[PDB]
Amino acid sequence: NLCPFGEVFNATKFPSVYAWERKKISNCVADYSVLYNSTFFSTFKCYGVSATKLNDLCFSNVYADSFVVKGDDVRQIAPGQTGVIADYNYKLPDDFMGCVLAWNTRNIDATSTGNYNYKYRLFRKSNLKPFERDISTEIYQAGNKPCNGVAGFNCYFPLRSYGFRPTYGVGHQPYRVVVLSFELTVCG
């Protein structure tokens, strides 16, 4: 059987960047022709391996990470970036070997009243290690007086919502991102 990339790319619902989910790809032949013979993607940026040698290559397993960031936040899904998404939400290793794909989704992920489902982490003590995931809603304590569970002055709730609206600029529109990691069962 061929690998189910349709279960991740054309998936109806996408998770937030802070709670991004990962799918492991096992014993299956992969079909990279549909991702390549389509201009549907807005970016399609590869790292560590070329965009055309993965066809006649084999990998130990493939991991697909899917999530949603704003228009201007896509550049941080790259090895060695220091934004809020890269440092507090999703950090890629410097030796990442794979491709990052993104496409505009204002028509599906942005409603008139603002889609406040997609969120991201804004505050965190220390940065995220490569491929780490943090989903805690514990009140971020910026000061010395303890929060005691209740947020407020110098005690800010960590996660904030994007709030996508169709009237926003293209740099503030929802983009669905998929990160295909190659680790060294899956061939072409």
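Position 1 is the first residue in the sequence shown; the rest follow in order.
Mean CA B-factor, 21-29 versus 171-179: the higher value falls on 21-29. As recorded in the PDB entry, 149-157 is the stretch of 134-142 and 149-157 with the greater mean C-alpha temperature factor. Between the residues 66, 42, 126, 38, it is 38 that shows the highest Cα B-factor in the PDB record. Highest CA B-factor among the listed residues (76, 113, 104, 117): 113.
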